[PDB]
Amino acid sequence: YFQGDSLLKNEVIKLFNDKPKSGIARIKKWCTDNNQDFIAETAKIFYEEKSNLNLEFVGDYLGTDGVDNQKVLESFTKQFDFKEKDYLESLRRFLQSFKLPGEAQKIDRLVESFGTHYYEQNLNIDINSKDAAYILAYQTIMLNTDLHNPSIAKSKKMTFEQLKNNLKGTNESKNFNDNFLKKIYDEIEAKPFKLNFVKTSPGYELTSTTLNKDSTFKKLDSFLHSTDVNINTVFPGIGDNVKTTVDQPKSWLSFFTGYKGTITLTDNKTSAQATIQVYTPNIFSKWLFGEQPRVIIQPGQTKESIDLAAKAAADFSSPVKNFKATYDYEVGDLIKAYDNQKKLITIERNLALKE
């Protein structure tokens, strides 16, 4: 069955599975030459070529905060037909179409995309607003952790009555129908979600049973809720032109993943950028995200972002545990930049006569 994009699809699968940026570049290139829409075509390939594509990379592209990514995610979700479909079956299906990133802000964008589209395809039937669809989805995901996390004893598990109470008046000032919620509660109880998370996240990851006692980790943790303090008090190696913003965590994301927030570092001179995500385990999060705290450091798109992220990672006494390629950078380039910063620190300490 020849289709106008068949040749492109076969080329893209190869390029994409090697480096997603090279696959996306070819869709951009073909859409330019064939006068087609890059957004629609990308989402179409992600959806139709599910069984052929690296789902980690698909999940990562869809969940990433980017102008292209956001448009592609909206178009991707639109490929699903949720009209007169069972809510939970629709959510299960959506969550299996990619590999979930292990990053709170990415999971959040994917969940919000699902809710909005499900509501739009079943307008005011069982759900009254996109906000109600989103709260129902995050409460269902947390209900899944509650009912199936063994650290939550049988006697402590959330009851259907407790789910009803949490969702009282959240269906655009009204309630969700009793049986509509009972069906979700019972099915989730009987069958947990199939949640396929990535093994490692892009960039640098510091994670160990001793990371919470690292001087840099403690300072980083405090920096999330402090006001007008310089980031150089946390990371000496990054210089004095680095400014910061903090994205505070949504409560449910904290429960779900151990998320504590994201600090965005921007160099005022160079435009170098890096993000720093913090995770601390809790009784709910550990079931899916492990028993260790985590720090994820990712370089942005701009030149010299690699060196800003590497300097931040190298300022920890704890070593980087995991390295993974980003959409823009090769794993080897992140490794070289970090190892080099560690070697420079060692030389400087020795030359200044530090023990």
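In case it trips you up, residue 1 is the first one in the sequence shown, and so on.
- A summary of the deposited B-factors shows that, of 230 to 238 and 91 to 99, the stretch with the larger mean C-alpha value is 230 to 238.
- Look at the mean CA B-factor for 187 to 195 and for 134 to 142 in the entry; the higher one is 187 to 195.
- You'll see in the entry that, of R294, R26, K321, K44, the Cα B factor peaks at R26.
- Per the PDB entry, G169 shows the highest C-alpha temperature factor of the residues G169, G258, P202, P249.
- Residue-level temperature factors show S155 in the highest third of its chain, judged at the C-alpha atom.
- Among the modelled residues of the chain, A313 sits in the middle third by CA temperature factor in this PDB entry.
- For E56, the recorded CA temperature factor ranks within the lowest third of the chain's modelled residues.
- When the modelled residues of the chain are ordered by C-alpha B-factor, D126 sits in the middle third.
- In the PDB entry, a CA B factor belonging to the middle third of its chain's modelled residues is recorded for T326.
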